[PDB]
């Protein structure tokens, strides 16, 4: 796959904002982009599963798990569901698990780290609310473009050469 953020910054410089988080790459797809859908939750991935069961074509799910890596918010089963529902990728401010299975999956996946522990689903969490991670705002409805070079946010959809 090819790099996409450098071309975006050079062409749409004034309309892009870097989202600066210390994330790692875990999916087979190194680049992914789309409209942002958000989830805010804490040691409970109920809403992560609810959202990923929805149609994700042209969307990127961004999950504010409060930066906690004590438990994983996404495993290989949720990644398989996101794929079946055509999600472009998922960004987890928190931990993921089953990283060897994720490396060969057709989904863009970035996350803060890993944790072999799963969460207890209790229906807690919020969907499509404004997020604040590392003092940076992330708005549902905006657009996000991510690759190994970084992540860029825009208010309107940008043309991606590819």
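Numbering follows the first chain given and starts at 1.
Would you please rank residue 103 by its C-alpha temperature factor against the other modelled residues of its chain and give the third it falls in: lowest, middle or highest? Highest third - that is where residue 103 ends up once the chain's C-alpha B-factors are sorted.
Third of chain Cα B-factors occupied by residue 123: Within its chain, residue 123 is a highest-third residue by C-alpha B-factor, going by the deposited values.
If you rank the chain by CA B-factor, which third does residue 66 end up in: lowest, middle or highest? For residue 66, the deposited C-alpha B-factor lands in the middle third.
Please place residue 42 in the lowest, middle or highest third of its chain according to the CA B-factor in the PDB entry. Highest third - that is where residue 42 ends up once the chain's C-alpha B-factors are sorted.
Per the entry's values, where does residue 19 land by CA temperature factor relative to the rest of its chain, in the lowest, middle or highest third? Lowest third of the chain for residue 19's C-alpha B-factor.
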